[PDB]
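One structure below.
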Amino acid sequence: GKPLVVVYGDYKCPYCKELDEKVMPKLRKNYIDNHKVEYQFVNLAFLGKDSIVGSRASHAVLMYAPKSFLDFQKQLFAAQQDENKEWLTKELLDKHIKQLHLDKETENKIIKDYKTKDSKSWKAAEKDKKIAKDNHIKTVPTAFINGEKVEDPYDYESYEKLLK
């Protein structure tokens with residue numbers, strides 16, 4: 001079927017922020033938004049106790065407002081602070097969710113889901129760490145297309161090469 005592009009990372013990882021900045025704009029316009037590939041972000045949530053919280057919110061946005069997901073990712077990476085700070089607080093995440101300007105009830109649904117223990121967004125966040133584990137993902141950021149490694153994950157043309 002459609003090629004599958006997987007990017008492993010963490011919202012607190014600085015290099016992952018670089019990837020988002022250099023790659024996503026082009027990959028999104030050309031392959032993701034026109035539905036040419038399935039895009040998946042697996043969050044290792046390994047840079048602090050707030051990492052997993054950021055991941056839950058991200059998964060709630062993805063499941064309830066998929067068409068706003070890439071904007072959310074881009075905007076959250078842009079607000080990245082020192083990785084030693086637990087900057088991914090509920091106040092910041094709620095602020096980011098509301099910036100998506102979604103309809104009030106979806107907004108509330110997303111905000112309540114990621115804060116609710118064992119919710120679908122809660123579970124998705126935990127599963128991400130297991131996926132990275134079972135796939136033996138050592139460092140981040142790393143990207144694969146149908147299980148094939150992207151030679152230079154910071155270069156759009158490198159993904160493009162695997163998709164041509």
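Excluded from the calculations below are hydrogen atoms, water molecules and symmetry mates; all remaining heavy atoms, backbone and side chain alike, are included. Residues: numbered from 1 along the sequence shown.
Taking both residues in full, the closest heavy atoms of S51 and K12 are given as OG-CD, 3.3 Å, listed atom of the first, atom of the second, then distance. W87 and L92 make their closest contact through O-CD1, 3.6 Å (heavy atoms, listed as atom of the first residue, atom of the second, distance). Residues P3 and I145 share a closest heavy-atom pair of CB-CG2, 4.4 Å. Closest non-hydrogen pair, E107 versus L102, comes out as OE1-O, 4.3 Å.
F77 and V6 are members of different hydrophobic clusters when ILVMFWY side chains are connected at heavy-atom separations under 4.5 Å. The cluster map of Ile, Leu, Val, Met, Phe, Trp and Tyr, joined by side-chain heavy atoms under 4.5 Å apart, puts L27 and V42 in different clusters. At a threshold of 4.5 Å between side-chain heavy atoms, the hydrophobic network of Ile, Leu, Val, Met, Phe, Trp and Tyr places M63 and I97 in one connected group. Cluster annotation: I137 and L162 are assigned to distinct hydrophobic clusters (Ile/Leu/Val/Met/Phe/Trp/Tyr, side-chain heavy-atom contacts under 4.5 Å, transitive). Under the 4.5 Å side-chain heavy-atom criterion for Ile, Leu, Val, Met, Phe, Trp and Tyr, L19 and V140 are members of distinct hydrophobic clusters.
Environment of OH in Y15: sparse, with no more than 12 heavy atoms of neighbouring residues, nucleotides or ligands closer than 6.0 Å. Heavy-atom contacts from other residues, nucleotides or ligands closer than 6.0 Å to NZ of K115 number more than 12. By the 6.0 Å contact criterion, NZ on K109 is enclosed, its count of non-hydrogen atoms from other residues, nucleotides or ligands being greater than 12.
For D103 and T106, the side-chain atoms include at least one donor-acceptor pair closer than 3.5 Å. With 3.5 Å as the limit, one finds no donor-acceptor pair spanning the side chains of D113 and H59. In this structure, a donor-acceptor pair under 3.5 Å is absent between the side chains of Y11 and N43.
Between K127 and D134 no salt bridge is recorded (no basic side-chain N to carboxylate O distance below 4.0 Å). Look at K17 and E21 and you find a salt bridge, because one of the NZ, NE, NH1 or NH2 atoms lies within 4.0 Å of a carboxylate O, short of that distance. A salt bridge does not link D128 with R56: every distance from a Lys NZ or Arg NE/NH1/NH2 to an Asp or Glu carboxylate oxygen is 4.0 Å or more.
Counting heavy atoms from C-beta outward, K98 and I111 have side chains that approach closer than 4.5 Å. Between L44 and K129 there is no side-chain heavy-atom pair separated by less than 4.5 Å. Looking at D33 and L70, their side chains come closer than 4.5 Å, going by heavy atoms from C-beta outward. Side-chain contact between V150 and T142 is absent, with no heavy atoms from C-beta onward closer than 4.5 Å. Between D50 and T89 the shortest side-chain heavy-atom distance does not fall below 4.5 Å. For the pair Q81 and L88, the minimum side-chain heavy-atom distance is 4.5 Å or more.
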- Query: Should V61 and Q73 be marked as a side chain to side chain contact (heavy atoms under 4.5 Å, CB included) after you check the CA-CA gap, both sets of side-chain angles, and the distance that decides it?
  - Reply: CA-CA 10 Å; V61 165; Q73 277 211 307; over 6 Å; no
- Item | From CA spacing to verdict: side chain to side chain contact (heavy atoms under 4.5 Å, CB included), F144, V7 | CA-CA 7 Å; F144 300 79; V7 171; over 6 Å; no
- Query: Could you walk me through whether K74 and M24 pass the side chain to side chain contact (heavy atoms under 4.5 Å, CB included) check?
  - Reply: CA-CA 8 Å; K74 160 181 173 187; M24 289 300 119; over 6 Å; no
- Query: Given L4 and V37, is the side chain to side chain contact (heavy atoms under 4.5 Å, CB included) satisfied, shown in steps?
  - Reply: CA-CA 6 Å; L4 167 76; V37 305; over 6 Å; no
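Ring-plane geometry between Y39 and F69 is classed as tilted, the angle between the planes lying from 30 to 60 degrees on a 0 to 90 degree scale.
Distance check, rounded to the nearest 0.5 Å: OG of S55 to CZ of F46 gives 12.0 Å. Going from atom CG of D20 over to atom SG of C13 covers 11.5 Å, rounded to the nearest 0.5 Å. The NZ atom of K95 lies 10.5 Å from the CD atom of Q75; values are rounded to the nearest 0.5 Å.
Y8 meets the side chain to side chain donor-acceptor pair (under 3.5 Å) test with no other residue; sequence neighbours excluded.
A donor-acceptor pair under 3.5 Å is formed between the side chain of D82 and the backbone N or O of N84.
The cationic atom of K36 (NZ for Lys, CZ for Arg) lies less than 6.0 Å from the six-membered ring centre of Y31 and within 45° of the ring axis.
Every pair tested for salt bridge (charged side-chain N to carboxylate O under 4.0 Å, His left out) that includes a residue from residues 151-161 fails, sequence neighbours excluded, so the list is empty. Sequence neighbours left out, not one pair with a member in residues 88-123 passes ring pair (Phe, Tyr, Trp, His ring centres under 6.0 Å).
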